[PDB]
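Single chain ahead, by itself, as structure tokens, in the form solved without the ligand.
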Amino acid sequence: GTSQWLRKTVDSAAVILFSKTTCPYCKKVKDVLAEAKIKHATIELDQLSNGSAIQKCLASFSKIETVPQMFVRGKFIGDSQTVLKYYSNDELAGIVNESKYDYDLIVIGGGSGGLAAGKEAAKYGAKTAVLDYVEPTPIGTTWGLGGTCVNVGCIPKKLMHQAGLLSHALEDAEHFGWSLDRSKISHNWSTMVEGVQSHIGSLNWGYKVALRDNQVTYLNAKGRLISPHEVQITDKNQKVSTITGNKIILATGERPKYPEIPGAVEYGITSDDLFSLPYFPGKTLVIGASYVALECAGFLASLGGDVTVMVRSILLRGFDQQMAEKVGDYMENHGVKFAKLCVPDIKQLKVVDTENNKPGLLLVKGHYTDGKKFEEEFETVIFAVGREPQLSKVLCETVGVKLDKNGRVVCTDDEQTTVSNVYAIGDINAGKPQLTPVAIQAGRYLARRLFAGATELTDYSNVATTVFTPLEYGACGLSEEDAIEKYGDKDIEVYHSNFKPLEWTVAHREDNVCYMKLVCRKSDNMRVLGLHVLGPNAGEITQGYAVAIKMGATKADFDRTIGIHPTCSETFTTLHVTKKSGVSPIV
């Protein structure tokens, strides 16, 4: 119980001090450690309900039951007198740096999860290295430190979404009294990309400064785990060497897939290339139906592009399908064309004009599910048909780390793999939501358990999401069809309503396109199982409700809470029309 926790804490902490808030001897040790610039974890036994028991259990390691007690990498170092002896004799530095390994922690992968984990571990005195390398895309695209979200993901895509949203802000402004003429205004792609890339570059730099300031070793090198404690590194001159670490965190993420058809790799691109592309894509085909495919098609259309989406079966597989259809219907009414039930079988007509900064030209041939043919010309073809890890590049099979059928790492609920000192976080952790805030929380909480004696786990249930399509879609919890599957139709009640943002009235926008619903369980006091909203600022709307759902909110909790007026979100506080009543949700 307590004895198994304390044994795990002492064995894996790099430098840790067992202490009491009221002890002047403990303050003296803390003061010396800060002078020497020795970072460490601290456990204050008068803050724990069973601190009395823990302090007796410490004697099993040190043969004493007093505070303070200092440990380094599993070894009792001393009490107050002994630590001060080592300091005044100039022996303490060499003691706190003694290790069987080069590093207490090696993180393979410098993205959302890996950077968060490495910074948190270094705070408690773990000597840490972060490895990051970006394998170039087929056309040669590469980028800096920070991972998929920072460089080719959430950050550039929401900036480009905002450039798209501003098109409708320019339109609205005339109705609110401003003198501009929207039909006379055009968009400059390269000016936008330059501004987006300048911000990304400031993030690349900020991460390198943060690692430097936390005393983390950053290696721009590709890592491969060749045994439980050995990592082979290849640098930018193909120099190969080996470094060793006590704990290993795998955090290498995923990359886009291509279909196995002629011309796909040679002549199409992916999201990896889009966010730094030097020319406007022009007339564009997006192949796929994920949130990546629809978000990219959406902003390209708002920026004035001629955009088509090729859909194999359905939009947004895995999300609530009533909401997915409403998302696509809005896109189609606002200029995005859809080739439904269709797959591709890519021919090059013109090479990309790198001189004049212009796209090439491609012939796309495909077929509909009934066998009819598809054939049309496009300037750019973007593939958004899923993402995958490539761990047979990071991980020698002899190490013994178990992978599932999709190539992701099978982990315990505390991120441990089948090898005791090796852990995995982020998109490569099998079965977990693949989101930046999840990877960050997992990485921070893991570092605290390894190096500061924490026990708290990451909670992966009911994590909210937002799809940043031209009209945004926020969700938290089950889809309506998943709720009915799990509990049966007779135990599910759905409250819903259309709404119109007040901002849309003077601007003469649509009356009954925005929509929201709560999916509830009758036999469990009308517990809210899932929340869904389509409208502007849907991520801001959804976030706060995610705390209430974590807390077990019921329909009655929504009813008794008062709305803020005038807002979109307040419509959730007065819902009353059920789907089983058959009454229209229009307002």
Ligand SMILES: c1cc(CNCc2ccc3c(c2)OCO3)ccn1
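Heads up: residue numbers just count along the shown sequence, starting at 1.
Another form exists, deposited with the ligand bound; not displayed. Remarks below refer to it.
- The three marked residues, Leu48, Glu135 and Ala452, each reach the ligand in the entry with it bound, with a heavy atom inside 4.5 Å.
- In the entry with it bound, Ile43 approaches the ligand with a heavy atom inside 4.5 Å.
- Though the partner is left out of this view, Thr244 does not reach within 4.5 Å of the ligand in the entry with it bound, counting heavy atoms only.
- The ligand is not shown here, and in the entry with it bound it never comes within 4.5 Å of any heavy atom of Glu174.
- Heavy atoms of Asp235 reach within 4.5 Å of the ligand in the entry with it bound, making it an interface residue.
- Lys222 is the sole member of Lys222, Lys517, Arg73, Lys127 with a non-hydrogen atom within 4.5 Å of the ligand in the entry with it bound.
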